[PDB]
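Engineer: Pasting a structure here, questions to come.
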DNA sequence: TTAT
DNA sequence: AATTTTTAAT
DNA sequence: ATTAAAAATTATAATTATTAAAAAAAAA
DNA sequence: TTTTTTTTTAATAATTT
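Residue numbers (the working numbering), protein chains in the order written: chain A, 1 to 351; chain B, 1001 to 1256; chain C, 2001 to 2254; chain D, 3001 to 3254.
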């Protein structure tokens, strides 16, 4: 994604970062980009040395990982909506050209890994070959329809349409691993939404309105900071990174006066400098209408998971049937309101 | 510069065992008229209002309005070092980067100096108004520690109802249903084992019992707890410390 | 309309603290004569015979013979909510499977109504035609409760041997050899903490000690436990509850 | 061939609760003049010297320089199988590698014959020399149980500073900084509360706390503990074990 | 045909 | 996604 | 020299079942 | 306040397949 926006935010505006808890939300709905969840549960959760599969051939590690993560999110009151990526735009195909060669570099490296056969290097090198096709999501969107949790197929980009969902107020947060949801304009971005109860990875919240207050910008120029920070659509300027782009945007505001107020010998402008096309894509992408779809919360069924996942994916009978029962005991109860609905913040106090 | 000598130092010991399981990091609003803590939980549910007044302390002096961001888990590890009879003096001088706890033992002469590394917190304070509550229940404090521990075995939600001649701590769960009724006993001469219910309209709410189990760790301070409810107004679990002030626990209800 | 007001609430509470780790679920064979429970453990080794007669309850009545299925883990946590000085009334309903437990301290005003959800397992009861035994070892229960706690650190098996001088809880193991040669005292003073052994025939049986740790959880009921055994019959771990029936446990030997 | 009958059993019991966490495997160099032990811990940092003299035992009948190998976890399990007022009689045999322990109740007739399976290990003669000590700090033992537990919440480094007016225990860490200062109270009439320091050379050096916390598990053995140390000498955390010898704990500084 |  | 050493500029 | 940025190098985990301590509840 | 006991936790590979 963006080269070090999170490190820049943590080293410039630490008041826009709130390390929260898993139980800290409790009724506020989030919008999971499900693609990083699917890659996390195909890369981390393995059987040892390879993918984890049944004897029919296809893999199902992402189904159980996203199953227990989804049940643990609704145990803590968090109501997910899973937004899946659709056909990507043509500006992303430069990054997909970089992702094609970086996948194929590990394809040639798998020939070198399989000669030695050492499991510290076989399992490390085969994690880079994880590819999500249509059947990796057609067998995965069917599971969330059994819960009654809405799944959303974005027409262009799931990072873009998560940020439009927070913008309309239909969802509270976009729980997304990359920093692109700040660029299309979600006022709340969540990070590391993990089912673990420990504080080895605290859950970190990006308030974009606290970023734009601290930086003194708005949405149309924080996009312009992302272009100099090396976004996936177009490359950045070769001499400007994190620390050289905060002061440059705060001196010369728009992207059209970055180029005209620069010496091109020290900082060479690249030939694929499509800043104006990516500025149109970041502000107004072709996302689905958030008012067109409603986040329905239907009752989950237990008997249909037996014929779909206990038989076909041959899982444990005493864990899926325990999983629906621990889902329905955390669903029918009332939603605990937050304290900010009753009391208002009067004095900002600091140490 | 700031010196807060407390002869009954187990009062300040029993405060921080009641906040180490709820508040990870708090800002102590040290005024010249007392010691204040208004730190809402990181789960965005429960406020803790602590008021240690200046007249309750033995030798209290203060100059500026301090704000010490204190890891309260790290405070309860330090405050577990003193016993139940030690004279506890807090100290924080100018450019207050640290808080010096002095646990002066009164008879065995174990002068325990404890210098705490503080933390940087920007904790927002919440504006609490002065309103009249509907059903004010003045329970025994150890009875309320029993009741929240009892109904947490059944389910995670208590249903507190105020009848005309009693209060009902209803609960339900997978184990079944549990109703605990407490009729008023204002005719009893001692106020330690008396339930006094101040009624003008009946009210029925629903509160989470995970935060109420955190609230009943302040029961070694007072022998009498006060619960204050109204319609869509948070529960005020108040532990009035004798001649020192109050430890008010606010709690947002569950709304259907 | 089953209704059993029990004035000494620690009697029912200490029963459920003993069956919460050994009996998963059982049928309370509640009749007009009294509360009965013939059960068997979840590992299908030990047998539990709990009898609570109607004379110990204050007001007891039964319209019919009620045999409901109560989860012993869920009833023990609900009886953990009762006080040690509480008065326990069991207002079960014939029409709906709900066992309503009412707790009320007599010095206090705390009326604690507790209702349960009931899974009627309908397990057929196991009845044993009990007979005379070889040695009836009436021995102090809280001192017996540490005896199986001592020998469980050594091994998982004990050999109980009734002899002329007294019993001998000899237990071997990979950590060492442990023999507790408890001679018979039979002093006429302090009968609640004395040892009384009856003598018929020489006894040598090897038991399992993992379930004898479970059997000593009922030791806050009675001060005296009976260890009554014979040659090839399971032992009766009889806890004589005061002015009621008895809670007996059984263990088939190794 | 060796019988060591002891009147009260808590003297041997509180030794083994102090030694189960620190020492996993050592040899008991039992001599004719008493019971000695010159162990060293499993991490090879802290050296433990124990002495139980022959005059403090009620009946001592040692005949040879016995050095058996005892698993200290297996001994402390069997020492958990005893009351706090029991009569402990150790026994050993020449051909069998078995250390026998007979536990007699004083008011009851519970004879608890326990036998230990022993093993051969590396019999190490560490041989520490006796030498002078610059700062001898006698303090209450429950006070030393507090201070090692109090400073363990901060970090794992205690400096011990000597003065004629008192002794300072200071610890520091990422959580904060601690400084516990005692005082040489010479006006206390009892000896279990007074702190007595005999110092000529002041000394301040850093000690670990993971081994000082295991040293404070010997605090029920006696009410007084004496801390003797110097500039490069390891600290002697010396207990008394009533009037039966001493328990020396050595800790090398950081 | 599509994650950082 | 973060590190991390190496290469480069103020 | 510090600062800074682009070559390269490594990462995406969660449930039950124990488990070995570690403070809490009942009663010391 | 402090012993011993049971209840949570932070443990750590161990599958989960």
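Beta carbons are placed, not taken as given, at the ideal position from N, Cα and C, and that holds for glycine.
Grab the span of the alpha helix (DSSP H) containing residue 2226/C for me, first residue to last.
Structural biologist: Position 226 of the third chain, counting from 1, holds the residue named residue 2226/C. Element bounds for residue 2226/C: not the alpha helix (DSSP H) but the beta strand (DSSP E), 2224-2229.
Engineer: Any idea what DSSP makes of residue 1057/B, helix, strand or coil?
Structural biologist: Here residue 1057/B is taken as the residue at index 57 of the second chain, counted from 1. Correct three-state label for residue 1057/B: coil.
Engineer: Who are the neighbours of residue 1158/B on chain A, taking C-beta pairs under 7 Å?
Structural biologist: The residue labelled residue 1158/B in the question sits at position 158 within the second chain. Correct list: empty, because the minimum Cβ distance to chain A is about 12 Å.
Engineer: What would DSSP say about residue 126/A, mapped onto helix, strand or coil?
Structural biologist: By 1-based counting over the first chain, the position of residue 126/A is 126. Helix at residue 126/A.
Engineer: At 9 Å on the CB atoms, spell out the chain C contacts of residue 3078/D, in chain order.
Structural biologist: Position 78 of the fourth chain, counted from the start, is the residue given in the question as residue 3078/D. Per Cβ cutoff of 9 Å: 2150, 2153, 2154, 2175, 2176, 2178.
Engineer: Just by C-beta distance, which residues in the segment 1066-1077 of chain B are closer than 7 Å to chain D?
Structural biologist: 1074, 1077
Engineer: What number of angstroms, rounded off, separates the C-alpha of residue 64/A from the C-alpha of residue 82/A?
Structural biologist: In the first chain, counting from the first residue as 1, residue 64/A sits at position 64. In the first chain, counting from the first residue as 1, residue 82/A sits at position 82. If you draw a straight line from the Cα of residue 64/A to the Cα of residue 82/A, it comes to about 16 Å.
Engineer: Over the uninterrupted alpha helix (DSSP H) stretch that includes residue 1075/B, give me the two end residues.
Structural biologist: If you number the second chain from 1, residue 1075/B lands on position 75. Where residue 1075/B is concerned, the enclosing alpha helix (DSSP H) stretches over 1072-1079.
Engineer: In chain C, which residues lie with their C-beta within 8 Å of the C-beta of residue 3117/D?
Structural biologist: Walking along the fourth chain from the start, residue 3117/D turns up at place 117. Those are 2174, 2175, 2176, 2177, listed as they occur along chain C.
Engineer: Mind checking whether residue 1114/B and residue 1229/B have CB atoms under 8 Å apart?
Structural biologist: As a position in the second chain, residue 1114/B is number 114, starting the count at 1. As a position in the second chain, residue 1229/B is number 229, starting the count at 1. No, these two residues do not count as a Cβ contact at 8 Å.
Engineer: Cβ of residue 179/A within 8 Å of Cβ of residue 2/A?
Structural biologist: On the first chain, residue 179/A is found 179 positions in, with the first residue counted as 1. On the first chain, residue 2/A is found 2 positions in, with the first residue counted as 1. The answer is yes: Cβ separation under 8 Å.
Engineer: Does residue 2110/C come within less than 8 Å of chain B when only Cβ atoms are used?
Structural biologist: As a first step, residue 2110/C must be located in the third chain, where it is residue number 110. For residue 2110/C, the answer is yes, since a Cβ of chain B falls inside 8 Å of its Cβ.
Engineer: Let me know the alpha helix (DSSP H) ranges lying completely inside the segment 23-78 of chain A, each 4 residues or longer, listed in chain order.
Structural biologist: Restricted to the segment 23-78 of chain A, the alpha helix (DSSP H) segments that are unbroken, complete and at least 4 residues in length are 34-43, 61-75, listed in chain order.
Engineer: Whose C-alpha, out of 2094/C, 2184/C, 2234/C, 2223/C, is nearest the C-alpha of residue 2204/C?
Structural biologist: If you number the third chain from 1, residue 2204/C lands on position 204. The shortest Cα separation from residue 2204/C among 2094/C, 2184/C, 2234/C, 2223/C belongs to 2234/C.
Engineer: Suppose contacts are defined by Cβ-Cβ distances below 8 Å. Is residue 2071/C in contact with residue 2119/C by that definition?
Structural biologist: In the third chain, the residue the question calls residue 2071/C occupies position 71. In the third chain, the residue the question calls residue 2119/C occupies position 119. By the CB criterion at 8 Å, residue 2071/C and residue 2119/C fall inside the cutoff.
Engineer: Counting only C-beta atoms, is residue 2027/C closer than 8 Å to chain B at any point?
Structural biologist: Along the third chain, one-based indexing puts residue 2027/C at 27. Residue 2027/C does not count as touching chain B.
Engineer: Can you tell me which residues form a DSSP beta bridge with residue 3030/D?
Structural biologist: As a working mapping, residue 3030/D is identified with position 30 in the fourth chain. Residue pairing by DSSP places residue 3030/D opposite 3035/D, 3066/D in a beta bridge.
Engineer: Using three-state DSSP, classify residue 1119/B as helix, strand or coil.
Structural biologist: Start at 1 with the first residue of the second chain, and residue 1119/B comes out as number 119. Reduced to three states, the DSSP call for residue 1119/B is coil.
Engineer: Residue 170/A CB to nearest chain B CB: under 8 Å?
Structural biologist: Here residue 170/A is taken as the residue at index 170 of the first chain, counted from 1. No - not a single Cβ of chain B is within 8 Å of the one on residue 170/A.
Engineer: So, helix, strand or coil for residue 243/A, using DSSP?
Structural biologist: Residue numbering aside, residue 243/A sits at position 243 when the first chain is read from its first letter. Residue state, collapsed to three classes: helix.
Engineer: Using the Cα positions of residue 2049/C and residue 2092/C, report the straight-line distance between them to the nearest angstrom.
Structural biologist: Counted from its first residue, the third chain places residue 2049/C at position 49. Counted from its first residue, the third chain places residue 2092/C at position 92. So the alpha carbons of these two residues sit roughly 22 Å apart.
Engineer: How about residue 21/A: is its C-beta nearer than 8 Å to some C-beta of chain B?
Structural biologist: Position 21 of the first chain, counted from the start, is the residue given in the question as residue 21/A. Yes, its Cβ sits closer than 8 Å to a Cβ of chain B.
Engineer: Keeping to the same chain, check which residues put their C-beta closer than 6 Å to that of residue 2182/C; ignore five residues upstream and five downstream.
Structural biologist: Working through the third chain from its first residue, we reach residue 2182/C at position 182. These residues qualify, in order along the chain: 2166, 2167.
Engineer: For a contact defined as C-beta to C-beta under 7 Å, what are the partners of residue 3250/D on chain C?
Structural biologist: Numbered from its first residue, the fourth chain carries residue 3250/D at position 250. The contacting residues do not exist; residue 3250/D stays about 30 Å from chain C at best.
Engineer: Would you verify that the beta carbon of residue 1181/B is, or is not, closer than 8 Å to some beta carbon of chain C?
Structural biologist: By one-based count along the second chain, residue 1181/B stands at place 181. Yes, its Cβ sits closer than 8 Å to a Cβ of chain C.
Engineer: When you compare the CB of residue 3113/D with every CB in chain C, is at least one pair closer than 8 Å?
Structural biologist: As a first step, residue 3113/D is located in the fourth chain; it is residue number 113 there, counting from the start. Closer than 8 Å: yes.
Engineer: For residue 3143/D, return the contacting residues in chain B, with the cut-off set at a CB-CB distance below 9 Å.
Structural biologist: As a first step, residue 3143/D is located in the fourth chain; it is residue number 143 there, counting from the start. One finds 1108, 1110 in chain B with Cβ atoms closer than 9 Å to the Cβ of residue 3143/D, taken in chain order.
Engineer: Which of helix, strand or coil does DSSP assign to residue 3162/D?
Structural biologist: For the purposes of this step, residue 3162/D is taken as the residue at position 162 of the fourth chain. Three-state result, residue 3162/D: strand.
Engineer: Which runs of the beta strand (DSSP E) spanning at least 3 residues fall entirely within the segment 75-149 of chain A, listed in chain order?
Structural biologist: 80-84
Engineer: Whose C-alpha, out of 3051/D, 3080/D, 3017/D, is nearest the C-alpha of residue 3032/D?
Structural biologist: In the fourth chain, counting from the first residue as 1, residue 3032/D sits at position 32. Nearest option by C-alpha distance: 3051/D.
Engineer: Got a sec? Which residues, its chain only, sit under 8 Å from residue 1045/B by beta carbon, not counting five neighbours each side?
Structural biologist: Stepping through the second chain from its first residue, residue 1045/B is reached at position 45. The residues are 1208, 1211, 1251, 1252.
Engineer: Ordered along the chain, which non-local residues of its own chain (more than five positions away) have a Cβ less than 6 Å from that of residue 119/A?
Structural biologist: Locating residue 119/A in the first chain gives position 119, counting from the first residue. The residues are 49.
Engineer: Hey, does residue 2185/C have any beta-carbon neighbour from chain D nearer than 8 Å?
Structural biologist: By one-based count along the third chain, residue 2185/C stands at place 185. With 8 Å as the cut-off, residue 2185/C counts as an interface residue toward chain D.
Engineer: Going by beta carbon distance, what residues of the same chain come within less than 6 Å of residue 168/A, once the five residues before and after it are set aside?
Structural biologist: As a working mapping, residue 168/A is identified with position 168 in the first chain. Contacts found: 290.
Engineer: Taking 8 Å as the CB-CB cut-off, is residue 1140/B touching chain A?
Structural biologist: As a first step, residue 1140/B is located in the second chain; it is residue number 140 there, counting from the start. For residue 1140/B, the answer is no, since every Cβ of chain A falls outside 8 Å of its Cβ.
Engineer: Cβ closer than 9 Å: which chain C residues qualify as neighbours of residue 2976/D?
Structural biologist: Residue coverage of chain D in this structure runs from 3001 to 3254, which leaves residue 2976/D outside it and unanswerable.
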